[PDB]
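>>> Got a sequence here, can you build the structure:
(4 chains)
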Amino acid sequence: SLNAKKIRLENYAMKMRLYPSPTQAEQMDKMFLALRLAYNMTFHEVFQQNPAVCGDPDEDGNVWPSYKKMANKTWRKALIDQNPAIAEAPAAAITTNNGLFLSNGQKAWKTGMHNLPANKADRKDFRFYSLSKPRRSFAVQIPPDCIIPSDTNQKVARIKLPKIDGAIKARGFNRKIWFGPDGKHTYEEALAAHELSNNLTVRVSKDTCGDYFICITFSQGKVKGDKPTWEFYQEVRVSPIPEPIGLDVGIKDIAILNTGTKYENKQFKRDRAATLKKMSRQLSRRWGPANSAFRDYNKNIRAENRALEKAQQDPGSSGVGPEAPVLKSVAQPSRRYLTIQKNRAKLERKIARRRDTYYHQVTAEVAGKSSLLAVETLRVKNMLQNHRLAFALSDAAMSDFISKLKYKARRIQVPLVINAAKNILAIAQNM
DNA sequence: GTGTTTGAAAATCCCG
DNA sequence: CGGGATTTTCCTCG
RNA sequence: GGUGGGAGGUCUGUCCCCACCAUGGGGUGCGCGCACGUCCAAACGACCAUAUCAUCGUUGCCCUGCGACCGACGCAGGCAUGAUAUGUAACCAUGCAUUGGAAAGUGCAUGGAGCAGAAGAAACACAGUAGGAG
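Numbering: from 1, shown residues only, chains lettered A, B, ... in the order given. Okay, here it is:
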């Protein structure tokens, strides 16, 4: 009767929220800045055909950036020689297989630039790290002993991060996953019995709003024979008697089930669209960015600053005191702009969070009841041909819905492929 | 939106 | 001053 | 009684707290009152204070007056609207410094955080939010 079922998992990522002291948050911010500086400097040196960053030339002269020269200690030593602020980040966040270069840079150069040599690709198309896409993440390796769940509370744990002392407090410890040969151990029981990986990857991320999250990735090592190197389970709830379900997507409903139940697509954007438009037109007039009277002002004053520096340097010879080059500042957004910016970010975060949780609820309720799903297509680009759904689908981001259905129908191993829904289910059964 | 991934073991550095 | 904490090193990239 | 929100990992209601609207109208039943259920009325990312400004009749009115034309115009004014900045916000307990004879705040270190029902795979990369430079 709707009993929870423990099933084996190949990968997992506990998403908790850190509650660090201001010093701890400052240190992690410095670590993020160090990572972004490393990325930017390395991927500016990649375009110069530097042998220390770029690999061995081919017989034609084609040179690719070999990342082994980026994970070696010599490159990091040279980097920390060039600037000291890069040393404020752990070398594991850079030199490891889940670090800055071997994981992020490799994917960036294999997807964004389509895997092309630095002598045949431009700089404008490559995406750096800046205010538009800041590096709010670092991945390090910590043993399980650095994760000590609090005994009193079922959802509180203390996390110690490298270069930070204080054992940052964490909330959101999912106790619905069990470790061990058959998932009969808690976290402490598995750690004390030596059934956890001696090195575990954790990602510390800072979202758009001021907040911190941690992702403790649990991954089985090898797949030799049939026994995983590290075994962890998770209890999920399934309907006592599952029945085949044909899924049809309508206009006013996010999903229609052949059984009869319905879920009305809340579509939280429009219900909050007035507030979003009000805030947008608000900060469009404030003294922060996205105003066209602050962007232009900052860009201009930067231009005259550069021109004055040039005129002071070469024409004046920079002897002792030539003229007086004014520096001042490069402008900063005001507090009244900042509060509305933070509130706006909080509000899209709330909308996205509401949509994510609603889609999780719908997918969990439908996956357990269904033994064989009958969705039309895996891609939303194949359902906009009629264009009728476009108005609703503009806010109804069904990419997340499709992904959630995909990885919630596979853990129970449910295969994936009202009158219309019944016809679709019948066709799927026939095929 | 669409696609792809997810450590383990030594060599070296440093505070009660 | 020596065990533990941090740094490195592994492998494949046109 | 409603609306919006701040912290308790996420969603709904409740718990604690912050800022606002209502104490209205109507269509019908019963004996001016009670109203079975509603529909409209608001309140939508704070509120107060401080300066510095709307501008093509604006930013509405008072026209506070003045002047000329034949209801309309200009000049010198005032409030209220709106809109940009400075100080100021949102659960509980302890310690320190500082304001306070107190009552109670300020800043720091922290420490703790539900209740009922659902769930909880995260990150990165690329057409974009358009920029950042090395």
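>>> what's the span of stretch A:54-67 from first residue to last?
End-to-end distance for stretch A:54-67, by Cα to Cα, to the nearest Å: 8 Å.
>>> contacts for that stretch?
A:46, A:49, A:53, A:69, A:101-102, A:105-106, A:109, A:115, A:117-120 (Cβ atoms under 8 Å, 6 or more residues apart in numbering). Heads up, the C-betas are built off the backbone N, CA and C, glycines and all.
>>> Return the closest of those with respect to residue A:149.
residue A:102 (30.9 Å; Cβ to Cβ).
>>> Out of the contacts of stretch A:54-67, which end up buried?
A:46, A:53, A:69, A:101, A:102, A:105, A:109, A:117, A:118 (16 or more other Cβ atoms under 10 Å).
>>> residues touching the third one, list them.
Right, residue A:69. Contacts of residue A:69 by Cβ under 8 Å, 6+ apart are A:52, A:53, A:54, A:55, A:75.
>>> repeat for the second one
By Cβ under 8 Å, 6+ apart, the residues touching residue A:53 are A:42, A:45, A:46, A:65, A:69, A:70, A:75.
>>> For the residues you listed, give me JSON lines that also has distance to DNA strand B.
Compiled in JSON lines, the contacts of residue A:53 are given as follows (distance: Cβ to the nearest atom of the strand, whole Å):
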{"residue": "A:42", "distance to DNA strand B": "17"}
{"residue": "A:45", "distance to DNA strand B": "22"}
{"residue": "A:46", "distance to DNA strand B": "20"}
{"residue": "A:65", "distance to DNA strand B": "18"}
{"residue": "A:69", "distance to DNA strand B": "15"}
{"residue": "A:70", "distance to DNA strand B": "13"}
{"residue": "A:75", "distance to DNA strand B": "15"}
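>>> Looking at those, which are in strands?
Within those, no residue falls in strands by DSSP state E.
>>> neighbour-wise, which of the residues you listed leads?
residue A:70 (27 neighbours; other Cβ atoms under 10 Å).
>>> Roughly how far does the residue nearest to that one when sequence neighbours are not counted sit from RNA strand D?
Distance criterion Cβ to Cβ, 6 or more residues apart in numbering; nearest residue to residue A:70, sequence neighbours excluded, is residue A:101 at 4.1 Å. Going from residue A:101 to RNA strand D by Cβ to the nearest atom of the strand, to the nearest Å gives 11 Å.
>>> if we can go back for a sec, show me which of the buried ones among the contacts of stretch A:54-67 is closest to DNA strand B.
In terms of Cβ to the nearest atom of the strand, no member of these lies closer to DNA strand B than residue A:102, at 6.9 Å.
>>> Does the closest one touch residue A:96 like I think?
Yes. Using Cβ atoms under 8 Å, residue A:102 makes contact with residue A:96 at a distance of 7.0 Å.
>>> Spell out which parts of the stretch 101-250 of chain A neighbour DNA strand C.
A:102, A:106, A:110, A:114, A:115, A:141, A:162, A:163 (Cβ under 7 Å from any atom of the strand).
>>> Which ones, among the residues you listed, also lie beside DNA strand B?
Checking those against DNA strand B (Cβ under 7 Å from any atom of the strand), the matches are A:102, A:141.
>>> Which members of the residues of the stretch 101-250 of chain A next to DNA strand C occur in strands, if any?
Using DSSP E, these in strands are residue A:141.
>>> Max pairwise distance over the residues of the stretch 101-250 of chain A next to DNA strand C: which two?
Top of the distance list for these (Cβ to Cβ): A:114 and A:163, 36.5 Å.
>>> For residue A:158, state which of the contacts of residue A:69 is nearest.
Distances from residue A:158 to the contacts of residue A:69, taken by Cβ to Cβ, are shortest for residue A:75, at 34.6 Å.
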